[PDB]
Amino acid sequence: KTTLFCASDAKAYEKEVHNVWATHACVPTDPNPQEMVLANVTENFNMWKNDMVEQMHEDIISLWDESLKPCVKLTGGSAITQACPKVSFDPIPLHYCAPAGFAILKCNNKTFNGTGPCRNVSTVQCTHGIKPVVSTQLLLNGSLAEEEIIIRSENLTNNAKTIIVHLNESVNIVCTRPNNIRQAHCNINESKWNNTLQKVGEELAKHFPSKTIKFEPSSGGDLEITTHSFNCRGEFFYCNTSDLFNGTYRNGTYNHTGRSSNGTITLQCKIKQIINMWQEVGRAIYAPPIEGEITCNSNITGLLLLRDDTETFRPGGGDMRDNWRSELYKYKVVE
Ligand SMILES: N=C(N)NC[C@H]1Cc2cc(CN3CCC[C@@H]3CO)ccc2[C@@H]1NC(=O)C(=O)Nc1ccc(Cl)c(F)c1
Ligand SMILES: *[C@@H]1O[C@H](CO)[C@@H](O)[C@H](O)[C@H]1NC(C)=O
Ligand SMILES: *[C@@H]1O[C@H](CO)[C@@H](O)[C@H](O)[C@H]1NC(C)=O
Ligand SMILES: *[C@@H]1O[C@H](CO)[C@@H](O)[C@H](O)[C@H]1NC(C)=O
Ligand SMILES: *[C@@H]1O[C@H](CO)[C@@H](O)[C@H](O)[C@H]1NC(C)=O
Ligand SMILES: *[C@@H]1O[C@H](CO)[C@@H](O)[C@H](O)[C@H]1NC(C)=O
Ligand SMILES: *[C@@H]1O[C@H](CO)[C@@H](O)[C@H](O)[C@H]1NC(C)=O
Ligand SMILES: *[C@@H]1O[C@H](CO)[C@@H](O)[C@H](O)[C@H]1NC(C)=O
Ligand SMILES: *[C@@H]1O[C@H](CO)[C@@H](O)[C@H](O)[C@H]1NC(C)=O
Ligand SMILES: *[C@@H]1O[C@H](CO)[C@@H](O)[C@H](O)[C@H]1NC(C)=O
């Protein structure tokens, strides 16, 4: 294809690392939105095979090695040591733009499952704003679906193909390490989670009909995928999800099997210093946690599930490109 560029709304005076990187690598956004309609054009898309995702992945990796430097980095046999200062870290939206001679096509089917032919298409200079939010299991601070829940997969038969659940209805998750210096928790409205998993099981049933739907905690792996992991304000949170991906859906009803309390699920989390890298196969060691109350109040906007009568799904992730895919699913670059 071609090298795209990034337009951000970032601020040169911000110390925050996303802002620095973007002012150093992205052009300013166009306030005037260049957009063409053309319903009839009938392009095909395949979110699973989309050079845009690669380019963004590249960039985010660059941004992380520039901003979130680890005290140590073990890759292969080598151990590189850098200064690993604490930093101001809040992901900002990024727009991916097509350079002169190329344009981005945008699929407008509010229910597009991200592969195949798309009726209502548009021409755009740039993607919407996308926050590069690295995480497993739970997709955070993404952009909602429009009409109903969508279920995206390269191939649902193949149970080794990550499944992306695109929710239409954000679900609050609040994580705090309050003022063991490494212990924190996450709170979720069990009624909200309730509804969401029930609705998700419905939609999942449409794709496996004679089967009862099951949600079970992550079976095994590196700690970074068997828990909901993510970076908040700098530190690396790992949160246990077993009280969350824990329920059955049978006969149009969803029962939650995980344990709650006064109608909220709380997740035990630990802040980890040693970190299995998502960028490449290796480890990164970071300084002990900063002090004071570390809190991220985020929207669960999507899931990352893997499947194994009864059909049962567990939370997955680990290929940070799936996060990008979940937002970029609806575009392709052309010409
Ligand atoms: N150091 C290794 N090994 N990097 C390999 C990556 C690549 C991959 C891929 C799969 C997918 N599976 C299924 C089929 C193929 C593969 C086999 O497992 C799972 C995990 C992983 C690994 N991702 C992570 O390690 C990771 O994301 N850490 C992490 C760190 C910080 C934060 Cl905030 C976070 F959110 C996460
Ligand atoms: C996705 O939708 C296309 C049609 O738009 C269909 O051919 C394909 O089988 C669907 N796959 C999944 C996993 O929904
Ligand atoms: C979201 O999707 C679900 C199931 O796909 C549906 O029941 C609901 O009405 C949709 N819209 C919402 C919840 O606003
Ligand atoms: C998914 O994989 C199965 C084998 O696991 C294969 O038979 C099937 O054709 C694949 N689906 C698609 C849409 O290619
Ligand atoms: C999550 O909690 C359950 C029970 O509390 C435990 O068996 C499981 O190993 C925990 N996983 C992690 C990664 O802490
Ligand atoms: C669901 O949660 C309960 C306690 O909250 C736990 O005993 C049970 O094992 C969990 N289910 C699974 C499949 O882990
Ligand atoms: C949030 O949770 C409380 C109890 O945990 C419940 O009373 C309230 O209705 C929930 N919010 C919504 C919008 O349902
Ligand atoms: C929804 O949550 C409420 C309170 O948190 C609980 O009483 C109810 O059993 C839940 N609904 C389902 C279908 O599990
Ligand atoms: C999600 O967005 C809110 C608002 O920008 C922010 O407070 C929170 O830290 C974000 N969460 C993550 C994981 O970036
Ligand atoms: C969560 O979703 C709401 C509604 O979609 C949105 O207005 C808000 O910016 C999002 N972020 C937080 C932290 O609530």
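Above this note sits the structure.
Residues numbered from 1 in each chain as written, not as in the entry; some residues may be left out. Chains lettered and ligands numbered in written order. Heavy atoms only, no water.

**Q** Just checking my understanding: could you explain the overall build of the chain for this structure?
**A** A count of helices and strands for the chain gives five helices and 23 strands. The C-alpha atoms of the chain give 20 Å as radius of gyration, which agrees with the globular expectation for 335 residues (20 Å, within 12%). Each principal axis of the C-alpha distribution contributes one length, and for the chain these read about 55 × 55 × 40 Å. Accessible surface, the chain: about 15700 Å² in total, of which carbon and sulfur atoms supply 47%. (Helix = DSSP H or I, 4+ residues; strand = E, 2+ residues; numbered from the N terminus. Rg over C-alpha atoms; globule rule 2.2 N^0.38 Å. Areas by Shrake-Rupley, 256 points an atom, 1.4 Å probe, with all protein chains shown as cover.)

**Q** For this particular structure, what's the right way to read the pairing of strand β10 (residues 150-153)?
**A** Each regular strand carries side chains that alternate between the two faces of the sheet. Burial of the side chains of β10 extends over both faces: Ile 150 and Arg 152 are buried on one face and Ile 151 and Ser 153 on the other. Two strands pair when backbone bridges link them, and β10 and strand β11 (residues 163-177) are joined in this way by four bridges, in the antiparallel orientation. Paired with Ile 151 across the bridge in β11 is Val 165. (Buried < 20%, exposed > 50% of the residue type's maximum accessible area, 1.4 Å probe, protein only. Pairing = 2+ DSSP bridges.)

**Q** Is there a simple way to explain the site of ligand 6 in this structure?
**A** Neighbouring ligand 6 are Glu 216, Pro 217, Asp 243, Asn 246, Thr 257, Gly 258 and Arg 259. Between an oxygen atom of ligand 6 and a side-chain N or O atom of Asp 243, the distance comes to 2.8 Å. Contact between ligand 6 and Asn 246: an oxygen atom at 2.4 Å from a side-chain N or O atom of the residue. Its free accessible area being 360 Å², ligand 6 has 54% of it covered by the protein chains. (Near = heavy atom within 4 Å. Polar contact = N/O pair within 3.5 Å; in protein donor to acceptor, adjacent residues only side chain to side chain.)

**Q** Would you take a moment to explain the site of ligand 3 for this structure?
**A** Near ligand 3 you find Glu 147, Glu 148, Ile 149, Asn 168, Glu 169, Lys 199 and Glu 203, and these make up its full shell. Contact distances for ligand 3 include 2.5 Å between an oxygen atom and a side-chain N or O atom of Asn 168. For ligand 3, an oxygen atom lies 3.2 Å from a polar atom in the side chain of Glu 203. Burial of ligand 3 by the protein chains amounts to 61% of its free accessible area of 350 Å². By residue class, the composition of the shell around ligand 3 is one nonpolar, one polar and five charged. (Nonpolar A, V, L, I, M, F, W, Y, C, P; charged D, E, K, R; others polar.)

**Q** I tried to follow the sheet that holds strand β3 (residues 35-46) on my own but got confused; where do I start?
**A** Here we have four strands laid out as an open sheet, ordered β3-β8-β7-β23, and antiparallel in their pairing. Both outer strands of the open sheet, β3 and β23 (331-334), are each paired with one neighbouring strand and no more. Strand-to-strand, the axes of this sheet are offset by a mean angle of 40°, without reference to chain direction. (Axes fitted to C-alpha atoms, helices over the stretch in contact; angles between N-to-C directions.)

**Q** Mind showing me how you'd approach the packing of helix α2 (residues 51-67) against helix α5 (residues 321-328) here?
**A** In contact at an axis separation of 9 Å, α2 and α5 are set at 130° when each is read in the N-to-C sense. Classed by the angle they form, the pair α2 and α5 counts as oblique. The interaxial crossing formed by α2 with α5 has right-handed handedness. Counted together, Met 52, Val 53, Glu 54, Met 56, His 57 and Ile 60 of α2 and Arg 321, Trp 324, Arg 325 and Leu 328 of α5 form the full contact between these two elements. Looking at the contact of α2 with α5 residue by residue, the class counts come to six nonpolar, one polar and three charged. (Parallel < 35°, antiparallel > 145°, perpendicular 65-115°, else oblique. Left-handed = near helix turned anticlockwise from the far one by under 90°. Contact = heavy atoms within 4.5 Å.)

**Q** Sorry if this is basic, but what is going on with the sheet that holds strand β4 (residues 72-75) here?
**A** The strands that make up a sheet are held in pairs by hydrogen bonds between backbone atoms, and each pair lies either parallel or antiparallel. Pairing in this open sheet of four strands is antiparallel, and the strands run β5-β4-β20-β19 from one edge to the other. Two strands lie at the open edges of the sheet, namely β5 (78-81) and β19 (274-276), each paired on one side alone. Taken pair by pair, the neighbouring strands of this sheet meet at an average axis angle of 20°, ignoring direction. When β4 meets β5, the two strands line up antiparallel, connected through four bridges. Among the inter-strand pairings, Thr 75 is bridged to a residue of β5, identified as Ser 78.

**Q** Explain the state of the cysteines to me, please; I cannot follow it from the model alone.
**A** Each disulfide consists of a covalent bond between the sulfur atoms of two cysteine residues. As enumerated under the stated definition, the model contains seven disulfides in all. Each sulfur of the disulfide joining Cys 71 and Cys 84 lies 2.0 Å from the other. The disulfide joining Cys 71 to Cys 84 has a torsion of about 90° about its S-S bond and is therefore right-handed. Taken together, the residues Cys 71 in the loop between α2 and β4 and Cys 84 in the loop between β5 and β6 (94-97) connect sequence positions 13 residues apart. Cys 84 carries the same exposure label as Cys 71, and that label is buried. There is a disulfide in this structure between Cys 175 and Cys 186, and the S-S distance comes to 2.0 Å. An S-S torsion of about 120° defines the bridge between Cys 175 and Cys 186 as right-handed. The buried category is assigned to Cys 175, whose relative accessible area is 2%. (Disulfide = S-S within 2.5 Å.)

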